[PDB]
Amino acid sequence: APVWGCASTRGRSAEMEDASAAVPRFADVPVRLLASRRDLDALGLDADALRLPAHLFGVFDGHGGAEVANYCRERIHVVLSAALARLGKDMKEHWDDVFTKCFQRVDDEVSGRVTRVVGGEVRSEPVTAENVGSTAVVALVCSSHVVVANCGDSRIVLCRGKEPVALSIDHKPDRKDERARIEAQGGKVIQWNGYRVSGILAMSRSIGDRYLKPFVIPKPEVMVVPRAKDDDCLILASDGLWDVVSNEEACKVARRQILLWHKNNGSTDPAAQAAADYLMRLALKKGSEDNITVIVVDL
């Protein structure tokens, strides 16, 4: 049902620490999170029993290694699905709660504070070293809504219909509410080739990085946007793209690559894969030294 493409590469970077995920029909969302009880009650369809399938797309920019980003690709959607299924048994608050508890659970699994299943045995040691972490920007896509949860400096951008509109704000340490939260805990934000927590990490939110605790938290930022008969595409990408391509630049290119494939011609979708491939190579030609990961979802 979902229509997407995915492109990724080392680039000039020595090692590949980016990861991505695209899980169709990963869960069923209780419709009371997507529609007013009274607008469905008008059709006599009480949303306490209705559910609708949804697809999960995610990009995970790892740092210090790739083990934490790879863990997010494997585990976040599974944890999200189990979280959705039980909630069915204010809706903005509920979306934030299911995403916050899911990101926290994965973070606790990565850091070894809770156990994880492997088989039918259990592992309790941390997944990897203390300095290994990853961003996580995920897009929950269903028929009525796009739900975005962001943790870090990866970014998702929606094209509707010609605007780019950012569905996530980068969790940079200089950002005002993040700096205030960090300093309130006795921490510091230091400019040291860019603004960094303790002068080290260029993000204030992530999965992992237990040594930068309690300053770097896994709390995601959630935004619920209803789909209006105008959206073109979703663009999820690590900062390897956004460092050299703007929201305007990425939206106009992706939306045009999709259209030029269908006028030239009739798992992944070829037209959207062409857009993701083009955006990846375009970032390569504009002087991006980082890992690149681009997901284009055709809405």
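All residue numbers refer to positions in the sequence shown, first residue = 1.
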> Do any residues of the deposited sequence lie unmodelled between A82 and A83, and which range holds their number: none, 1 to 3, 4 to 9, or 10 or more?
Replying inline: none
> Between residues given as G44 and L45, how many of the deposited sequence are not built: none, 1 to 3, 4 to 9, or 10 or more?
Replying inline: none
>> So, looking at the entry's B-factor column for Cα atoms, which has the higher mean, 283 to 291 or 19 to 27?
In response: 283 to 291
> Comparing 53 to 61 with 31 to 39, which has the greater mean CA B-factor as deposited?
Replying inline: 31 to 39
> Which one of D107, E121, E74, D174 shows the top CA temperature factor in the record?
Replying inline: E121
>> In terms of recorded Cα temperature factor, pick the maximum from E163, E183, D170, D209.
In response: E163
> According to the PDB entry, is the CA B factor of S238 in the bottom, middle or top third of its chain, that is, lowest, middle or highest?
Replying inline: middle
>> Please say which third, lowest, middle or highest, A271 falls into when its CA temperature factor is compared across its chain.
In response: middle
> Taking the entry's C-alpha B-factors for this chain, is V98 in the lowest, middle or highest third?
Replying inline: middle
>> Could you place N264 in the lowest, middle or highest third of its chain by Cα temperature factor, using the values in the record?
In response: highest
>> By the recorded C-alpha temperature factor, relative to the other modelled residues in its chain, which third is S246 in?
In response: middle
